[PDB]
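Quick note: the coordinates plus some simple rules give every number you see, no bench work behind them. Cβ coordinates were reconstructed from backbone atoms using ideal geometry, including for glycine residues, and neighbour counts include every protein chain displayed.
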Amino acid sequence: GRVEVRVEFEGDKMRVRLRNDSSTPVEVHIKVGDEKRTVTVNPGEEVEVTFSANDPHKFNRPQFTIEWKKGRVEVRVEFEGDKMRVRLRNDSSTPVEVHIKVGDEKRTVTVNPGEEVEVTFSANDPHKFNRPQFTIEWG
Ligand SMILES: [Tb+3]
Ligand SMILES: [Tb+3]
Ligand SMILES: [Tb+3]
């Protein structure tokens, strides 16, 4: 299994592309401020989710929840100063590799059931954090 989540912050828009390269349908929840969007991604399927905000600063702390039907992986991104914090919580019965890609930086962490992992990324240039992407891998 693999669920690919790509984010682009092109403008007043957060685009999220979700690919389910696994054999079970996943439900994906995204929260940014007052707006929550929710989508089923069937096996093989790609879905685009787009938030708008006049003030693009309201996209500071987006949360992603992948549900398999229990089984949830929660991913919170906190853009604070020159740093991007990524907090991964695994609430399933099985470990998950999370591969993270922010500009040049590539980073892989295992997350066992009931573990929370925080990875911090640095930027010389806050435009490094404009197209962050993460993949959750299971079995
Ligand atoms: Tb684009
Ligand atoms: Tb539902
Ligand atoms: Tb469920």
Whole-Å distance linking the alpha carbon centroid of the range 66-110 with that of the range 19-35 is 13 Å
For the chain, the count of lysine pairs 8 or more apart or interchain whose alpha-carbon atoms are under 23 Å apart comes to 23
Taking every other residue with Cβ under 10 Å from the Cβ of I100 and scoring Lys and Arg +1, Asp and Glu -1, one gets +2
Quick calc: nm separation of the 7 Å Cα→Cβ label points for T24 and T38 -> 1.9 nm
If each K or R counts +1 and each D or E counts -1, the residues other than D21 whose Cβ falls under 9 Å of its Cβ total +1
Using alpha carbon positions and the Kirkwood radius, the Rg to Rh ratio of the chain is 0.94
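Can you give the net charge of the other residues whose Cβ lies under 10 Å from the Cβ of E78, counting K and R as +1 and D and E as -1?
+3
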